[PDB]
J.: 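My questions will all concern the structure given below.
Both backbone and side-chain heavy atoms feed into the values below; hydrogens, waters and symmetry mates do not. The chains referred to below are lettered A, B, ... by the order of the sequence lines, with proteins before strands, and numbering in each begins at 1.
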Amino acid sequence: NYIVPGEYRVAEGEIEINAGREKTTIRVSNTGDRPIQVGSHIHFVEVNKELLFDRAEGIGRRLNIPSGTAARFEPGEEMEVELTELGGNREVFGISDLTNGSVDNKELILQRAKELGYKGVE
Amino acid sequence: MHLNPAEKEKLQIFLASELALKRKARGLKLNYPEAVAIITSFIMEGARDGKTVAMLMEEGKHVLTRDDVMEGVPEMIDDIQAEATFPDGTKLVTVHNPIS
Amino acid sequence: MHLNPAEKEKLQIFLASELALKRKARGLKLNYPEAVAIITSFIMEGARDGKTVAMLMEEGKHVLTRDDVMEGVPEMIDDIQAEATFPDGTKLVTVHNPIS
Amino acid sequence: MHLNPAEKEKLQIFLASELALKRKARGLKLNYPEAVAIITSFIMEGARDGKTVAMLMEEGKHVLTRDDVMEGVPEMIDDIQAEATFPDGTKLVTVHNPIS
Amino acid sequence: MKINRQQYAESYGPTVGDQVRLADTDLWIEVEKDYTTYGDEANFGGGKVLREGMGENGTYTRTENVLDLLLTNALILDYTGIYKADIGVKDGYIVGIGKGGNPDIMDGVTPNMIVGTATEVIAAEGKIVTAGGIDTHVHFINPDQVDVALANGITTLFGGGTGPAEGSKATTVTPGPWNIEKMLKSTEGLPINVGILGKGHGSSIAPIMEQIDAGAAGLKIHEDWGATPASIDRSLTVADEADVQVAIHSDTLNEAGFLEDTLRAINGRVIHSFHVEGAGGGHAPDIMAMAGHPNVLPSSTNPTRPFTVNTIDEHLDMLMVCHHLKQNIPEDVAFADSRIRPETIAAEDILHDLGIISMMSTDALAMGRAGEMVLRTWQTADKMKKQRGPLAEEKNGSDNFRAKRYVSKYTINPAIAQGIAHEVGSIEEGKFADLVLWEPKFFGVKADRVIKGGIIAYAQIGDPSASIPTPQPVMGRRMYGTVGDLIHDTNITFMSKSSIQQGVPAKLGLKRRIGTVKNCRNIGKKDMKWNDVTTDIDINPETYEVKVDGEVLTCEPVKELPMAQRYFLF
Amino acid sequence: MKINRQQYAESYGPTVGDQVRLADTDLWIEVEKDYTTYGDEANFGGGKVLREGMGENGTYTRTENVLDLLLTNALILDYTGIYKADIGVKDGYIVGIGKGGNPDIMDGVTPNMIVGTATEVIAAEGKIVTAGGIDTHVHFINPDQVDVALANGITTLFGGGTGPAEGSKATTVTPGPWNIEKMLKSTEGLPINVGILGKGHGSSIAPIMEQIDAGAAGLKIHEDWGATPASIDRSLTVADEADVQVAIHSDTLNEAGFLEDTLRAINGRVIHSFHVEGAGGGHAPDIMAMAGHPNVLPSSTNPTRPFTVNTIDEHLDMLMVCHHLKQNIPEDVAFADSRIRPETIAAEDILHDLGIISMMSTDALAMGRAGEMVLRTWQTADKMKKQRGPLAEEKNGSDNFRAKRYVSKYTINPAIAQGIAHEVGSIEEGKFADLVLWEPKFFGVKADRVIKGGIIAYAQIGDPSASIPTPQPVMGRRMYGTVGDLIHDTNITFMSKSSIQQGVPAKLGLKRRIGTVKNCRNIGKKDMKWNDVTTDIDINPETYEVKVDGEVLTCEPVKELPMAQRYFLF
Ligand SMILES: [Au+]
Ligand SMILES: [Au+]
Ligand SMILES: [Au+]
Ligand SMILES: [Au+]
Ligand SMILES: [Au+]
Ligand SMILES: [Au+]
Ligand code: NI
Ligand code: NI
Ligand code: NI
Ligand code: NI
Ligand SMILES: [O-]
Ligand SMILES: [O-]
C-alpha cells in the first residue's frame with residue numbers, strides 16, 4: 001500500500017496490432033551512405049530511392065510495427081522487415097507522388113517508380 | 001540592476017528553496033514543490049560557481065534522498081530542468097530521476 | 001513546481017517576514033507591516049509543521065510583545081488572518097489582538 | 001500588511017541582495033547586478049536604522065571594494081540611487097562611484 | 001505482433017480494463033471502452049503517424065470534414081462514462097468523439113474527424129480529460145480570483161458582485177440595470193465564462209424584472225437583503241416568466257418564518273438551494289431538509305467539504321470574523337452554536353455519497369475558496385470510500401460509479417440547474433470546447449492545460465526564456481486564448497432570453513460570445529445526473545441529529561486528507 | 001575655440017575616427033562619418049540648444065517640415081554603415097537621417113528635420129542605435145516570450161503556434177483558416193510586430209492556399225508534419241503564386257529521400273532553410289550543404305551559437321528530453337549521434353564569419369532562446385575575432401566590416417527573406433521607426449529603450465514611485481506604447497497580399513497597422529547583405545568533416561564567453 005500518485009494498474013494480457021490483416025516479410029537494403037529511418041505509416045513502395053527491395057511488394061502496404069515507431073537502416077545495412085496491409089479506402093496521395101489514387105493501380109505505380117529511379121522495380 | 005523577465009522569475013525559485021531548506025532544517029519531510037525548488041536552485045547556483053553541465057547532471061542526483069521527502073515524491077519527479085548562465089553562456093541542465 | 005496564484009503571493013509574506021526578523025535581530029522596534037508579516041508567516045509555518053488551528057490561535061498571541069514594536073502598533077492590529085494547508089486541507093486561522 | 005506598489009518591488013532588491021551575499025560568502029567575485037543589489041539594499045536598510053542621507057552617502061562607498069567584484073564592474077557602476085523611508089519621510093540617496 | 005499492456009499504456013495511455021489512481025487518493029477509475037483501432041493510434045511528432053499522406057489527409061479543405069483541433073488518446077472522465085477516445089474540435093465546439101486520422105489508409109476513422117492541413121494537435125495520451133468546472137456560487141470581489149479558478153479547472157463562473165462592496169462581499173448579487181450593465185462590460189476582460197445574478201428582492205414585479213431585461217442570467221435571494229415570503233414569491237414569478245434560475249440563501253434567523261414557511265412561499269416551483277447544509281447560511285437548524293424535496297436543486301459550498309478535525313474550530317472563528325460577532329454577547333454565542341453544527345456537517349459527507357446533494361460550488365471569497373471546488377469534491381469521495389467502503393453498485397474493484405456521481409457535482413449538474421447545459425457542463429458532441437487536461441498525479445489539484453472555446457487559455461508551464469517550455473519555474477500562466485481580441489471568441493457571457501431579444505449586447509458593445517439561458521423551470525431533482533435521490537430528511541430540533549428514512553446519519557472527522565500537503569507550498 | 005576629443009565624445013558621443021568597445025567583447029566599431037556641424041550640435045535640457053527661437057524653430061506648424069521626434073547624436077550601427085547622425089521621425093516612420101535643428105540660425109540642417117513645437121526629443125549621445133531585431137523562427141507557445149524578446153532588442157516575430165499545443169511546441173505552424181484567424185485576433189494584444197506561418201503540407205493546392213487567403217504571411221514545411229517531396233512541391237507552388245516565403249525543416253530521418261531529393265523537389269525555387277547546421281533538425285548528416293546553393297536563404301538557430309565546451313553535453317541531453325529518447329534503445333542512441341555533431345557545429349562558427357550563413361534566429365521555446373538572438377550573434381563575432389584574427393578587409397584596427405556582416409544577420413537579411421524589408425530591418429529613410437537604444441556597456445545584452453512606431457514600447461527603468469526614474473530597482477518594463485489603443489498604432493501585423501485584397505482585417509476587426517508581404521520569390525543568396533557567398537559545401541558521410549572548396553573547416557570550443565556572467569543574475 002505504498003502510494004504512487006496517479007499510477008496505473010494495467011489489466012492482464014497483450015494488445016495485438018493490425019489484427020486480421022495479411023502480413024508479408026521482405027528483405028530491404030540501404031544502398032546509400034547515410035542512415036534511413038522509416039515510420040509505421042508511410043506507404044512502403046514510396047520510401048527513399050536508395051533502399052533496395054522488391055518494390056511491387058511495398059504497394060498497398062506499410063510496416064507492421066506499433067503506431068508511431070520506426071525501422072532504422074544504417075548505411076549499407078540489409079535486414080528483413082514485416083509489412084501489413086493499408087486500411088480504409090486503400091488510397092494514397094502525395095508523399096512521393098507515385099500513387100495519387102487507388103493502390104490497385106500497381107502497373108502505373110511501378111512505371112512511375114522505375115522512371116524516377118526507385119531501386120528494385122523488377 | 002537591469003533585470004530582464006527571466007531574472008525576475010528565477011529569484012522566486014531561490015526564495016522557494018530558502019523556504020524549503022528552513023523546513024528541512026526543522027526536521028520536516030519535504031513535499032513535491034519544496035523538493036523541486038531545492039534541486040533547481042542547486043543547479044542554478046552550481047552554474048554560477050562555474051561547474052560544468054556534466055558535473056551538475058551527476059551532482060543533481062544526490063541533493064535529496066528518499067528519506068528527505070514524503071511518500072510518493074520520488075516517483076512524482078521524473079526529471080528536473082533548469083537553465084542558467086554558465087561562464088560560457090546560458091545552458092540547459094536536465095537531472096533525470098533526481099531522488100532515488 | 002506547479003505554483004498556483006496563491007502560492008506565488010504567499011512567498012512574498014515569507015520574504016517580508018525574513019526582512020522583518022533581520023531588522024528585529026539588530027535591535028529595531030518593528031513597525032506595522034513588519035509585525036503583521038512576522039505573525040502571518042509564523043501561522044503558515046505552524047500549519048506546515050502540522051499544528052492545529054486551535055494551537056495556532058493560542059500561540060499567535062505570543063509571537064511579538066509590545067516591547068518588540070513601535071508605539072501605536074499593538075492598537076493598529078485588531079486581528080491577523082491567514083490561510084494555509086494543514087494536513088487536513090486549507091484552513092483559515094484568525095489571531096485576535098496578537099500583540100498585548 | 002497594506003503593501004503599496006513600491007513596497008512590493010523593493011522586496012525583490014532585498015532578495016537579490018541575500019542571493020548575492022550568499023554568493024560572496026562562498027568566495028565568488030560578484031558581477032554587475034549582484035554588486036548593485038548589495039549596495040542598494042545596504043542603503044535602504046541604513047535608512048530603516050535611522051541613519052542620515054549624509055551618512056549613507058559616505059558609507060555607500062565602502063560596502064564593496066574592487067577585489068570583491070569581477071573585472072570591469074567598478075567602471076560599469078557610475079552611481080547607485082535608492083529611495084527609502086527615513087524617520088523624516090522618503091528621501092533619495094545617491095552614492096557616486098561606490099566601488100573604488 | 002503484440003505489445004504487452006504495460007508498454008501499451010506507457011505509449012498511448014491506458015486501454016480497456018486498465019485502472020488509474022486519482023492523484024494520491026485511494027480512488028481508481030477504469031477504462032470502460034476504447035474507440036481506437038489497435039495499430040492505427042493517432043500520435044504526433046518526428047517520424048510519427050499524423051504526417052501528410054499517412055495519418056494526416058493532404059487532400060481535403062477545412063470545410064470537408066477536417067478538424068481545427070484533435071486531442072489524441074484522451075482518457076475521458078464524464079457523467080456519460082469513463083472511456084478512451086480522440087476528441088475532435090471545430091469552430092470552438094466538440095464535433096466528434098471517437099477516432100481521428102486519415103480514411104485514405106486507416107480503419108475506423110469517425111467520418112467528421114479527419115486530420116488535415118487545418119488541424120492542430122494536442123497529445124492527451126496519459127492524461128485524464130474532463131469538462132470545465134461550472135461554479136454557480138461566485139462573489140465577484142477581486143479580479144485575481146479568476147486565475148485561482150482556472151488553475152483548479154473551473155471554466156464558468158455564475159454569481160454576482162461589483163467588487164469589494166459590502167453587498168457583494170455578503171451576497172452573489174449585482175443590483176439593478178446600471179450595475180448589471182457595468183459588470184457586463186467588465187466581463188469583456190475576464191478570461192472565463194460568466195453569468196450574472198440580480199437581486200431577487202422586492203414586493204412589486206417590475207423592479208426585479210428590469211434586471212432580467214438588463215442582462216442578468218438569474219436571481220439570488222439572500223437573507224441579508226430580506227429573504228421574506230414576498231421576495232421569495234416575486235422572484236419565482238419573475239423566474240417562471242423569464243426562464244432563468246433562482247438561487248436561495250434563506251432566513252437563518254427564522255424571522256418571518258421557519259423552513260416550512262419558505263417552502264410554502266416557494267409553492268412547488270424550481271429553486272437552487274445554496275450551501276444546503278447551512279454553515280454558509282439558512283434556516284437554523286434544519287435548512288438541510290431542503291435536499292429531500294423534488295423541486296429543490298441542492299448544492300454545497302466548499303469549506304465544510306469534507307468533515308475534518310480542524311473544520312469546527314475554523315468555522316466557529318470564521319463566522320465570528322465574517323459576521324462581526326462578539327464573545328461577550330450571549331445572543332451571538334447562541335447564534336454561532338445554532339449555525340455551526342458538527343451533526344449536519346458530518347451528515348453532509350454522507351448525503352453527497354448517497355446522491356442526495358447534487359452539486360458542489362465555491363462561495364468564492366464570501367465563505368468559500370475560489371480554487372478548491374474540484375479539489376474538495378474528490379477529497380470527499382476519497383474520505384467516503386475509506387469510511388463507507390466501495391459502493392454496492394461498483395464492479396471490477398474500481399470506483400467508476402462513485403467517480404461519475406462526484407464529477408457530475410461540479411460539471412453537468414450545475415449546468416442543468418442554471419439552464420446552460422446545452423452549451424457547457426460535459427464532454428459531448430455539439431457542446432462548447434471547454435476542456436481540462438490533467439496529469440493523473442495532479443488530478444483535481446493542478447490543471448495541466450485549460451482549453452476555452454478550442455484554444456488553450458491557461459497552462460502550467462516553465463521559463464519563457466528557455467530553449468524548451470519545461471524548465472523551471474513551472475507555474476500557472478495565461479496563454480494566447482486570453483490575449484487581444486481572442487478573449488472574446490473563447491469565452492461566453494450567459495444572458496436571459498429577454499435581454500438578448502432586446503439587443504443588450506449591441507447596446508453595450510459586447511464582443512464576447514453570447515449564450516442563452518433556457519429550460520430552468522421544467523426541471524427537478526430527478527434531472528440531476530447520478531444525484532437524483534428524494535427522501536424525507538429529518539433534523540432533530542434538540543440534538544441536531546440527522547435522519548434519512550428513519551436511519552441516523554453519523555460520521556467521523558479525519559486527521560488527514562490526500563491532495564493537500566504533498567502538493568502545496570503553503 | 002577647440003574642444004579636445006575626450007571631452008567632445010563625453011558630451012556629444014564619439015565622432016569621426018573614434019572607436020567604441022561592444023559590451024565586454026574584444027570588438028571595436030569606428031565612426032565612419034558624422035553629419036553634424038561642429039558647434040551646432042543638437043541637445044536638450046536646461047539652458048541647452050533646442051529652445052524656442054534657437055535650436056527649436058517657433059514659426060512652423062507640424063506639416064511644414066517639422067518632426068514628431070528627434071533622436072540626437074546617435075551612433076548608428078547598420079548594414080548601410082557605422083556613423084554619427086540625428087534621426088528624424090514623423091507619423092511613426094524614419095523621414096530624415098542627418099542633422100536636426102533650426103534653419104533660422106543653424107548651418108547644415110537637413111531640410112525636413114526641423115525641430116518645432118510638435119517635436120519630442122530623445123537624447124542618444126553616447127548610445128549605439130540599431131534597427132529592431134527580426135526573428136523569423138518563433139514558436140508562439142507562451143505570451144510571456146514577448147517581453148523576453150523586447151528586452152534583447154527584437155521588434156518583429158515571425159513564426160507560428162497556438163500556445164502550448166504539441167503541434168506548436170514542435171513546429172512554427174498555425175494550421176488552417178480558423179486557427180490563423182484566432183491568432184490574428186490574439187496578435188491585437190501583443191506589443192511587437194507579428195507574421196504568422198501556415199502549415200506547408202498537403203498534396204492538393206487548395207488546403208494550403210486557403211491559409212494564405214485567411215491571413216498567413218508564409219508557410220513552414222516541417223518533418224513532423226511530413227516533409228515529403230509532395231508537401232515541398234505544393235508549398236513552393238502556393239508560395240510562387242501568393243508571393244510569400246517558405247521555411248523548411250527537412251526530413252532528418254531521410255525517409256522519403258536524401259538531401260539531393262529535397263533539392264530536386266525544391267527545383268531551384270527560393271526557400272528559407274531553418275537551423276541549417278542541423279542540430280535543430282534536417283537531413284542527417286549533411287543538411288548544412290544547403291547553405292552553399294544560390295536559391296537557399298540559410299539561417300542558424302541560437303543554441304549552437306557559438307561552439308563552447310558545454311554545447312555538446314547540453315544538446316545531447318536536450319535532444320533526449322525534446323524527442324523523448326531512451327538510453328536503452330540503440331536506434332535512439334544512433335539517432336542522437338547522427339544528429340548532434342561537434343564537426344558541423346564547429347564549422348557553423350566559421351561559415352557565419354565567411355558570410356555563408358546569412359541569418360540568425362531563435363527557435364524560441366522549441367529548441368532555442370527567445371531573448372538571445374542578438375546576444376549570441378555578437379558572442380560568435382567575438383569568438384571568431386579571437387580565433388581567426390581581424391578579417392582581411394578590416395582597416396584602421398577596427399572591426400567595422402565584421403560588425404556590418406553580423407548586424408545584418410538579425411536585421412536586414414531576415415527582413416529581405418520574409419518579404420518585409422520595405423517596412424523594417426534597417427535604419428533608412430522611409431522605413432518604420434523600430435529603433436533600439438543601447439548603452440555600449442550593455443550592447444547586445446540589455447536594451448536601454450525600445451522604440452516601436454515612433455513611441456517607446458519597452459525600457460530599462462527604475463522605481464515608479466521615486467522622485468526621478470533612475471533609482472532602484474532598474475528593470476525592463478512595458479511603456480506607454482503598449483497601453484490602451486496605442487498598441488494598435490505602434491505595431492504591424494504582416495499578411496499576404498491576397499488576404500489584404502480580400503479584406504481579412506475588416507472581417508476580423510483588426511485595428512493594428514497592416515503590412516504587406518511582397519517580393520519573396522525573385523531573390524536569392526546574392527541578395528543577402530554582407531552574407532552572399534555561394535560555394536560547394538561537402539560533408540563527409542563517415543567522419544562528418546566539413547569542407548568548403550577542398551579546405552577542411554575545423555574549430556575549437558571555448559571555455560568562456562563575454563556577455564555572460566558579468567551581466568546576468570542567473
Ligand atoms: Au457571516
Ligand atoms: Au460566513
Ligand atoms: Au462516515
Ligand atoms: Au526534439
Ligand atoms: Au530539440
Ligand atoms: Au576556429
Ligand atoms: Ni449564502
Ligand atoms: Ni455566498
Ligand atoms: Ni525545426
Ligand atoms: Ni522550430
Ligand atoms: O453564501
Ligand atoms: O526548429
J.: Just by modelled atom types, is the F/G476 backbone N or O under 3.5 Å from a matching donor or acceptor in the B/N4 side chain?
T.: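 Flag not set: sc B/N4 to bb F/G476 has no pair under 3.5 Å.
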
J.: State whether a side-chain donor-acceptor pair under 3.5 Å links D/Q81 with F/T470.
T.: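 There is such a pair (donor and acceptor under 3.5 Å, judged by atom type) between the side chains of D/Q81 and F/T470.
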
J.: Do you know which two heavy atoms are closest between D/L56 and D/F42, and how far apart they sit?
T.: CD2-CE2, 4.1 Å

J.: Assess whether a salt bridge exists between B/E9 and C/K8, defined as any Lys/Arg side-chain N lying under 4.0 Å from an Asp/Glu carboxylate O.
T.: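 No.
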
J.: Please enumerate all residues that pass ring-ring contact (aromatic ring centres under 6.0 Å, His included) together with B/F86, with sequence neighbours excluded.
T.: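 Expected list: none.
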
J.: When you measure from the side chain of D/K61 to the backbone of D/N97, do you find a donor-acceptor pair of N or O atoms at a distance under 3.5 Å?
T.: yes

J.: So for atom NZ, which belongs to F/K441, do other residues, nucleotides or ligands contribute more than 12 heavy atoms lying within a distance under 6.0 Å?
T.: yes

J.: Which heavy-atom pair separates F/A370 from F/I154 by the least distance, and what is that distance?
T.: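 That closest heavy-atom pairing would be O-CD1, 3.4 Å.
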
J.: Report the distance from atom OG1 of D/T52 to atom CD of D/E58, rounding to the nearest 0.5 Å.
T.: 7.5 Å

J.: If you define the side chain from C-beta out and look only at heavy atoms, does anything of D/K22 sit under 4.5 Å from B/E18?
T.: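 D/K22 vs B/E18: side chains touch.
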
J.: Taking atom types as modelled, is there a side-chain donor on F/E372 or F/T362 under 3.5 Å from an acceptor on the other?
T.: no

J.: Could I get the full list of salt bridge (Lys or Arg N to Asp or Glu O under 4.0 Å) partners for C/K10, not counting sequence neighbours?
T.: none

J.: Which pair of non-hydrogen atoms, one from F/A457 and one from F/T482, has the smallest distance, and what is that distance?
T.: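 Looking at all heavy atoms of both residues, the shortest contact is O-CG2, 3.2 Å.
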
J.: Parallel under 30°, tilted from 30 to 60°, perpendicular over 60°: which one fits the rings of C/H2 and B/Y32?
T.: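 Perpendicular, since the angle between the ring planes exceeds 60°.
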
J.: May I ask you to check whether over 12 heavy atoms, not counting those of C/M70, lie within 6.0 Å of atom CE?
T.: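 Not buried by this count: 12 neighbours or fewer within 6.0 Å.
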
J.: Regarding D/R66 and D/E75, does a basic nitrogen lie under 4.0 Å from an acidic carboxylate oxygen?
T.: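 Salt bridge present between D/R66 and D/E75.
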
J.: Which value, rounded to the nearest 0.5 Å, describes the distance between F/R305 atom CZ and F/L375 atom CG?
T.: 13.0 Å

J.: Quick check for you: to the nearest 0.5 Å, what is the distance between E/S467 atom OG and F/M367 atom CE?
T.: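 Answer rounded to 0.5 Å: 8.0 Å.
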
J.: With a 3.5 Å distance limit and no angle check, can you tell me whether B/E7 reaches the backbone of F/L569 through a side-chain donor-acceptor pair?
T.: yes

J.: For the backbone of F/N310 and the side chain of F/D313, can you confirm whether one donor and one acceptor N or O come within less than 3.5 Å of each other?
T.: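 Answer holds: no.
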
J.: Indicate yes or no for a side-chain donor-acceptor contact from F/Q145 to the backbone of E/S465 under 3.5 Å, with no hydrogens or angles considered.
T.: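 Flag not set: sc F/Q145 to bb E/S465 has no pair under 3.5 Å.
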
J.: Taking C/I38's backbone N and O only, do any of them form a donor-acceptor pair with C/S41's side chain (distance below 3.5 Å, no angle check)?
T.: no

J.: Using a 4.5 Å cut-off on heavy atoms from C-beta on, say whether the side chain of E/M479 contacts that of F/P143.
T.: yes

J.: How far does CG of D/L15 sit from CZ of B/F14, to the nearest 0.5 angstrom?
T.: 6.0 Å

J.: Main chain of F/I461, side chain of F/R477: is a donor-acceptor contact present, judged purely on distance under 3.5 Å?
T.: yes

J.: Tell me, do E/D144 and C/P5 make a side-chain contact under 4.5 Å, heavy atoms counted?
T.: no

J.: Think B/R23 forms a cation-pi with E/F570, using NZ or CZ under 6.0 Å from the six-ring centre and within 45 degrees of its axis?
T.: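 Yes, a cation-pi geometry holds between B/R23 and E/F570.
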
J.: To the nearest 0.5 angstrom, please state how far the CG atom of B/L30 sits from the NZ atom of B/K24.
T.: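 If I round to the nearest 0.5 Å, the distance is 7.0 Å.
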
J.: Is any NZ, NE, NH1 or NH2 atom of the basic residue among B/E59 and B/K51 found under 4.0 Å from an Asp or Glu carboxylate oxygen of the other?
T.: yes

J.: Checking side-chain contact (heavy atoms from CB on, under 4.5 Å) for the pair C/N31/C/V69: CA distance, chi angles, key distance, verdict?
T.: CA-CA 6 Å; C/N31 66 15; C/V69 295; over 6 Å; no

J.: Yes or no on side-chain contact (heavy atoms from CB on, under 4.5 Å) for B/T94 and B/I80, after CA distance, side-chain angles and deciding distance?
T.: CA-CA 6 Å; B/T94 295; B/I80 284 171; over 6 Å; no

J.: If the threshold is 4.0 Å, N to carboxylate O, is there a salt bridge linking B/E83 and B/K91?
T.: no

J.: Give me the atom names and distance for the closest heavy-atom approach of B/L92 to E/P471.
T.: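 Heavy-atom minimum between the residues: CD1-CG, 3.7 Å.
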
J.: Within a strict 4.5 Å, meaning less than it, do heavy atoms of the D/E71 and F/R566 side chains meet?
T.: yes

J.: Any sub-3.5 Å donor-acceptor pair from D/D79's side-chain atoms to D/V95's backbone N or O?
T.: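 Here the side-chain-to-backbone pair does not exist.
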
J.: So does B/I13 get a backbone contact from the side chain of B/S17, meaning a donor-acceptor N/O pair under 3.5 Å?
T.: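 Absent.
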
J.: To the closest 0.5 Å, what do you measure between CD (F/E314) and CE (B/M57)?
T.: 10.5 Å

J.: Taking the basic N atoms (NZ, or NE/NH1/NH2) and the acidic carboxylate oxygens, is any pair closer than 4.0 Å for F/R478 and F/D147?
T.: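 A salt bridge is present here (some side-chain N lies under 4.0 Å from a carboxylate O).
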
J.: Using a strict cut-off of less than 4.0 Å between a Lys/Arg side-chain nitrogen and an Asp/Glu carboxylate oxygen, indicate whether C/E45 and B/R26 qualify as a salt bridge.
T.: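 So C/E45 pairs with B/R26 through a salt bridge.
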
J.: Determine, for F/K446 against F/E439, whether the closest basic-nitrogen to carboxylate-oxygen distance falls under 4.0 angstrom.
T.: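 Salt bridge: no.
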
J.: Is F/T308 close to F/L561 at the side-chain level, that is, under 4.5 Å between some pair of heavy atoms?
T.: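 A side-chain contact exists here, since the closest heavy-atom pair is under 4.5 Å.
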
J.: Taking all non-hydrogen atoms of both residues, which atom of B/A82 and which atom of B/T40 are closest, and how far apart?
T.: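 Between these two residues, the closest heavy atoms are CB-CG2, 4.0 Å.
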
J.: If you compare all heavy atoms of F/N302 against all heavy atoms of F/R376, which two are closest, and at what distance to 0.1 Å?
T.: O-CD, 3.1 Å

J.: Taking the side chain as C-beta and beyond, is there a heavy-atom pair between F/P440 and F/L22 under 4.5 Å?
T.: no

J.: Would E/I468 and F/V321 satisfy side-chain contact (heavy atoms from CB on, under 4.5 Å), going step by step from the backbone distance to the final call?
T.: CA-CA 9 Å; E/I468 47 179; F/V321 174; 4.0 Å; yes

J.: Is any side-chain heavy atom of F/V309 closer than 4.5 Å to a side-chain heavy atom of F/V558?
T.: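 A side-chain contact is absent here, since even the closest heavy-atom pair is not under 4.5 Å.
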
J.: Output yes when a side-chain donor or acceptor of F/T377 lies under 3.5 Å from a complementary backbone atom of F/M373, and no otherwise.
T.: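 Between the backbone of F/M373 and the side chain of F/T377 there is a qualifying donor-acceptor contact (under 3.5 Å).
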
J.: With sequence neighbours excluded, tell me which residues meet ring-ring contact (aromatic ring centres under 6.0 Å, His included) with F/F443.
T.: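 Partners of F/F443 under the ring-ring contact (aromatic ring centres under 6.0 Å, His included) test: F/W378, F/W438.
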
J.: Inspect the contact between C/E34 and C/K29 and indicate whether a charged nitrogen and a carboxylate oxygen are less than 4.0 angstrom apart.
T.: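 No, no charged N to carboxylate O under 4.0 Å.
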
J.: Show, in sequence, the C-alpha distance, side-chain angles and deciding distance for D/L64 and D/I39, and conclude whether the side-chain contact (heavy atoms from CB on, under 4.5 Å) test is met.
T.: CA-CA 8 Å; D/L64 295 172; D/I39 301 158; 4.2 Å; yes

